[PDB]
Amino acid sequence: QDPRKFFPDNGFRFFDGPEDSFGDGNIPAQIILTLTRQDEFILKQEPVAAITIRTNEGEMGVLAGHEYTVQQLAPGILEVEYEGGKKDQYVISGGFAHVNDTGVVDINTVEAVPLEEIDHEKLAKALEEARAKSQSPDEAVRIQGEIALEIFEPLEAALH
Amino acid sequence: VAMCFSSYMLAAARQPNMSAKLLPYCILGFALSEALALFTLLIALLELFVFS
Amino acid sequence: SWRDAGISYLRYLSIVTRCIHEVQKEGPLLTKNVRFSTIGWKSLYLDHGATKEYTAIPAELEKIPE
């Protein structure tokens, strides 16, 4: 028998993660954002002035040199603000935001769609369905309607 | 006093890079608290050692 | 809420994703995204010579593993 003909590579090594820094003494002027849905990015290390995330504890706002914090993303909207003053809103389905002191943001999600790709007419129909599903006494339907309403209520609040 | 220094640690725990820029405000808050205590004590030391 | 009902965080994410896929407009992006929520997969295991489904972990999201 051949002595270990195979020697597979570790796939983690094919990615390039940031290296965290202690005591660097320099504050970044603008963050380096990286948003990813299921596998594909929509933004790769873009310069960004500011960003605004939603969580279960509440809505947070991140700027350059924000403290290292890792935390959930509650299912809602996500605002990016470039140096030019414009903005870009994205609806998400959960995730984890990884902030850096050096100025790097990895918002890894399961979905990321702009609000422009959503219509209020189609949303209004789903609302009463999720609501009446929450009314039906049954654990299989109540939780599903609760989750659907949880994602829809911020949309109904933001489109207005 | 401690409420100042107690803050500086926690801040430094969350951002070591800023530890060198927060110390002036820390020393300033400490100095003002200490000075208030110093006047409170200066009354008493002035209350006794001169008045008959 | 859904936490003690037994369904995991990931099924909750997938349900929220399915809802976002429902509401969004008709377009190429919806055509790309419906693929990322639809359920087509299975499990299977070999008997002595034949195939058999392992239906203890269901694909449909409303259900709960046991």
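Chain B is annotated in the PDB entry as subunit c of Euglena gracilis.

Per the PDB entry, chain A carries the name subunit delta and comes from Euglena gracilis.

Novice: Quick question: what am I supposed to make of the overall build of chain A here?
Specialist: Across its full length, chain A carries 2 helices and 10 strands. In chain A, the succession of α and β elements from N to C terminus is β-β-β-β-β-β-β-β-β-β-α-α. For 160 residues, the compact-globule estimate of 2.2 N^0.38 gives 15 Å, and the C-alpha radius of gyration of chain A, at 20 Å, exceeds that figure by more than 25%. When its C-alpha atoms are laid out on the principal axes, chain A stretches across 60 × 60 × 25 Å. For chain A, the proportion of its 160 residues judged to be buried stands at 39%.

Novice: Just checking my understanding: could you explain the interface of chain C and chain A for this structure?
Specialist: Frequently, the measure chosen for interface size is the accessible area removed from exposure when the parts meet. Listed by partner, the interface residues are 26 residues for chain C and 31 residues for chain A. Together chain C and chain A conceal approximately 2400 Å² of surface at their shared face, both sides included; 61% is due to carbon and sulfur atoms. The largest per-residue losses of area from chain C upon contact with chain A belong to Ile 20, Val 23 and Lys 25 of chain C, which jointly make up 25% of the total buried on that side. For the pair chain C and chain A, the number of links is 2 salt bridges. Our enumeration of links across chain C and chain A arrives at 12 residue pairs in polar contact. Among the elements that line the side of chain C that touches chain A, the one with the most residues is helix α1 (residues 9–23) of chain C, at 12 residues.

Novice: I tried to follow the pattern of salt bridges on my own but got confused; where do I start?
Specialist: Between side chains of opposite charge, pairing is possible as soon as their charged atoms come close. For the structure shown, the criterion picks out 10 salt bridges over all chains. The salt bridge involving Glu 79 of chain A is made with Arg 54 of chain A; its shortest N-O contact spans 3.4 Å. With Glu 79 of chain A in strand β6 (residues 77–81) and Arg 54 of chain A in strand β3 (residues 50–54), the pair connects residues that are 25 residues apart, well separated along the chain. Across the pair, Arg 54 of chain A and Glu 79 of chain A agree in class, each one buried. The closest approach of N and O atoms between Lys 52 of chain C and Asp 47 of chain C, which form a salt bridge, is 3.7 Å. Residue classification places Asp 47 of chain C among the partly exposed positions, given a relative accessible area of 32%. Beyond isolated ion pairs, a larger network of salt bridges with shared partners links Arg 37, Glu 40 and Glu 111 of chain A together with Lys 32 of chain C.

Novice: Quick question: what am I supposed to make of the packing of helix α1 (residues 120–135) of chain A against helix α2 (residues 139–159) of chain A here?
Specialist: In a pair of packed helices, the angle between the axes and the distance between the axes together describe the arrangement. All names here are of chain A. With their axes 8 Å apart at the nearest point, α1 and α2 run at an angle of 145° to one another. Taken as a pair, α1 and α2 cross one another with a handedness that is left-handed. Residues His 120, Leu 123, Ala 126, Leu 127, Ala 130, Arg 131, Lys 133 and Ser 134 of α1 touch α2, and the partners they reach there are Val 141, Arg 142, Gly 145, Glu 146, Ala 148, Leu 149, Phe 152, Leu 155, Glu 156 and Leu 159. A breakdown of the residues in the contact of α1 with α2 according to their chemical character gives 10 nonpolar, 3 polar and 5 charged.

Rules used throughout
Residues numbered from 1 in each chain as written, not as in the entry; some residues may be left out. Chains lettered and ligands numbered in written order. Part of a larger assembly, values for the part shown. Heavy atoms only, no water. Helix = DSSP H or I, 4+ residues; strand = E, 2+ residues; numbered from the N terminus. Rg over C-alpha atoms; globule rule 2.2 N^0.38 Å. Buried < 20%, exposed > 50% of the residue type's maximum accessible area, 1.4 Å probe, protein only. Contact = heavy atoms within 4.5 Å. Buried area = accessible area lost by both parts, 1.4 Å probe. Salt bridge = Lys/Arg side-chain N within 4 Å of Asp/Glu carboxyl O. Polar contact = N/O pair within 3.5 Å; in protein donor to acceptor, adjacent residues only side chain to side chain. Axes fitted to C-alpha atoms, helices over the stretch in contact; angles between N-to-C directions. Left-handed = near helix turned anticlockwise from the far one by under 90°. Nonpolar A, V, L, I, M, F, W, Y, C, P; charged D, E, K, R; others polar.

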